[PDB]
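J.: these chains are from a complex, not moved at all, and more is on the way:
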Amino acid sequence: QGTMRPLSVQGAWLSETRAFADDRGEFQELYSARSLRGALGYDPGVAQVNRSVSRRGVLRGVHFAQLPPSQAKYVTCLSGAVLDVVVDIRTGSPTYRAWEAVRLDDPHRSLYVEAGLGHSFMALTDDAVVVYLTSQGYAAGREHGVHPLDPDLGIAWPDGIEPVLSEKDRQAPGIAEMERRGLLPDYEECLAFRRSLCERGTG
């Protein structure tokens, strides 16, 4: 049926889901916990499903919950198109500060971002709708951000679209400032958290 395959940043995955089309329309399995368990070694669970509507050029991120337990995300653009960027915010990672852009322009493609990574996207179309599943409920005191236009990340956001940032995102610190202030996830700690999820039922 559908595939799930690792991206260039360890802990980020691309899901391609299958639809069964017929005269009535279509039926799609957008998310399968069984499927994630086979690929990841654990079922991340779904504490919250969030939906955002974004005007064109709106850039949300780079956001992450404090580890642990942080928040894993399964992200899908249900209509319109976004450019999703995953950011390796994890100090000590062999790919720390690296990023990868995935075009999410079809409901049949989903991005999984494990706990401890940074997530962001820009709306490529007016009223782009994004729906994401999170492993952990929202907690304002636990949510953090790095500035998406930080030259230290140097994310290639689309030429020809002016970013529209929230007040919060506009004021966000750069990666270096988050790092020195010890506010970024530690890579070793991320990997240990990953192993811990596999071990809830390794007995």
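T.: Structure's in. What do you need? Numbers count the residues shown, from 1 in each chain, chains lettered A, B, ... in the order given.

J.: would you say residue A:152 is within a strand?
T.: No: Residue A:152: not assigned to a strand; according to DSSP: H, G, I helix; E, B strand; the rest coil it is coil.

J.: so what's it up against?
T.: Neighbour list for residue A:152: A:97, A:174-176 [criterion: C-beta atoms under 8 Å, 6 or more residues apart in numbering]. In short, each C-beta sits where N, CA and C put it, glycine included.

J.: what's in contact with stretch A:175-195?
T.: Contact with stretch A:175-195 is made by A:11, A:64, A:66-70, A:89-93, A:96-97, A:114-116, A:144, A:146, A:150, A:152-153, A:173, as judged by C-beta under 8 Å, 6+ apart.

J.: now, those residues that are in strands?
T.: Counting by DSSP state E, the contacts of stretch A:175-195 place A:64, A:144 in strands.

J.: so how do I select the buried members of the contacts of stretch A:175-195 in ChimeraX?
T.: Listed next is the ChimeraX selection for buried residues among the contacts of stretch A:175-195, using 16 or more other C-beta atoms under 10 Å:
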select /A:11,64,66,67,68,69,70,89,90,91,93,97,114,115,116,144,146,150,153,173
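
J.: returning to that earlier point: inside helices: which ones of the contacts of residue A:152?
T.: A:175-176 (DSSP state H).

J.: what about residue A:48, how many neighbours?
T.: For residue A:48, the tally of surrounding residues (other C-beta atoms under 10 Å) stands at 12.

J.: how close does the residue nearest to it when sequence neighbours are not counted sit to residue A:165?
T.: In space, residue A:48 comes closest to residue A:134 once its chain neighbours are excluded; the distance is 4.5 Å by C-beta to C-beta, 6 or more residues apart in numbering. Shown here: residue A:134 relative to residue A:165, a distance of 22 Å by C-beta to C-beta, to the nearest Å.

J.: higher neighbour count, the two?
T.: Regarding residue A:134 and residue A:165, a neighbour count based on other C-beta under 10 Å identifies residue A:134 as having more, with 21 against 17.

J.: wait, the more buried one touches residue A:45, no?
T.: No: under the criterion of C-beta atoms under 8 Å, residue A:134 is not in contact with residue A:45, lying 9.2 Å apart.

J.: residue A:12: what's it in contact with?
T.: A:6, A:86, A:100, A:111-114, A:117.

J.: one more time with 7 Å, if that's ok
T.: By C-beta atoms under 7 Å, 6 or more residues apart in numbering, residue A:12 lies in contact with A:86, A:100, A:111-113, A:117.

J.: if it is in a bridge, with which residues?
T.: residue A:113 (DSSP bridges).

J.: distance of it from residue A:25?
T.: Plainly put, residue A:12 is 31 Å away from residue A:25 if you go by C-beta to C-beta.

J.: kindly report the same for residue A:43.
T.: Distance, residue A:43 to residue A:25, using C-beta to C-beta: 29 Å.

J.: include chain B too:
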Amino acid sequence: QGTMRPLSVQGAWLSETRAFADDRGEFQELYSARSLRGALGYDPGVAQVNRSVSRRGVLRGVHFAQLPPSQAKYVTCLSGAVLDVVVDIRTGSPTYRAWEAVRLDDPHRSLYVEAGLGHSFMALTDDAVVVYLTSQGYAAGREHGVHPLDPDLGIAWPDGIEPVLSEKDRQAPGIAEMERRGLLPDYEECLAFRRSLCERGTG
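T.: Adding chain B to what we have so far:
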């Protein structure tokens, strides 16, 4: 924030979810497990997220998974409009064969249908998109159906829209035939299953 309140059929609920609107668009908490736990006494979990696109007049249902563990559903029309009908297929229920129609015409309204109830909807607009969370993964051998146009249910589907049924739904038996063949959930068994979910962690 958002409300969750019982409908007229015990085990069906209406969720009204809140969005935070701003210049960038909006952010909605479409589903909260914490919220369901407060109302229901248990977190149903999310094994699968399904998405269907339906042409106008398409009627999917009345469907249910064999109890147990059957399948609880959290259903939302993300765009366009459907008329959702919940059916009490549970023999011995004080409201057996009763139904209730909910207009799902806004992404901020969701319907929860606990394990053991029947679910169906008709597309009121062309390409109505429905997204639903299920507590249990899909299993073809476990999925059953009652004919949605059964006069023994007498569901008031919208006047002026011709139903479009799949081959499977077109051929589905009536409620009476499912009943005598012992293929419907038992009400007592439904209630016991409900109590069992509360008790996974009543220790």
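
J.: now with chain B: the neighbour count of residue A:48?
T.: 19 (other C-beta atoms under 10 Å in any protein chain shown).

J.: cool, and residue A:118?
T.: Residues near residue A:118, counting by other C-beta under 10 Å, number 26.

J.: ok, now which ones touch the residue lying closest to residue A:6 once chain neighbours are set aside?
T.: Closest residue to residue A:6 apart from its sequence neighbours, by C-beta to C-beta, 6 or more residues apart in numbering or on different chains: residue A:13 at 5.6 Å. The contact partners of residue A:13, by C-beta atoms under 7 Å, 6 or more residues apart in numbering or on different chains, come to A:4-7, A:39, A:112.

J.: 10 Å instead, please
T.: Residues in contact with residue A:13 (C-beta atoms under 10 Å, 6 or more residues apart in numbering or on different chains) are A:3-7, A:36, A:39-40, A:74, A:86, A:110-114.

J.: with residue A:100 instead?
T.: Listed by C-beta under 10 Å, 6+ apart, the contact set of residue A:100 reads A:7-9, A:12, A:14, A:84-88, A:111, A:155.

J.: now render the residues you listed as a markdown table, adding secondary structure and distance to chain B.
T.: Putting the contacts of residue A:100 into a markdown table (DSSP: H, G, I helix; E, B strand; the rest coil; distance: C-beta to the nearest C-beta, whole Å) gives the following:
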| residue | secondary structure | distance to chain B |
| --- | --- | --- |
| A:7 | coil | 21 |
| A:8 | coil | 26 |
| A:9 | coil | 24 |
| A:12 | strand | 19 |
| A:14 | strand | 17 |
| A:84 | strand | 16 |
| A:85 | strand | 17 |
| A:86 | strand | 20 |
| A:87 | strand | 20 |
| A:88 | coil | 25 |
| A:111 | strand | 14 |
| A:155 | coil | 18 |
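
J.: state the pair within the residues you listed that is farthest apart.
T.: The most widely separated members of the contacts of residue A:100, counting by C-beta to C-beta, are A:14 and A:155 (18.2 Å).

J.: longest helix in chain A, please.
T.: Ranked by residue count and defined by DSSP H, the top helix of chain A is helix A:187-199.

J.: can you tell me if that one touches chain B.
T.: No: applying C-beta under 10 Å from any C-beta of the partner chain, one finds helix A:187-199 separated from chain B by no less than 15.4 Å.

J.: dump that helix to CSV, keeping only the CA atoms.
T.: The C-alpha trace of helix A:187-199 is given here as CSV (Å, rounded to 0.1, in the frame of the first residue of the first chain):
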residue,chain,number,x,y,z
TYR,A,187,21.3,14.7,20.5
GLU,A,188,22.4,12.0,22.9
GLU,A,189,19.2,12.7,24.9
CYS,A,190,17.1,12.5,21.7
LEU,A,191,18.5,9.1,20.8
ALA,A,192,17.9,7.8,24.4
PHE,A,193,14.3,9.1,24.3
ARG,A,194,13.9,7.2,21.0
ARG,A,195,15.2,4.0,22.5
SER,A,196,12.9,4.6,25.5
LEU,A,197,9.8,4.6,23.3
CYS,A,198,10.9,1.3,21.7
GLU,A,199,11.2,-0.2,25.3
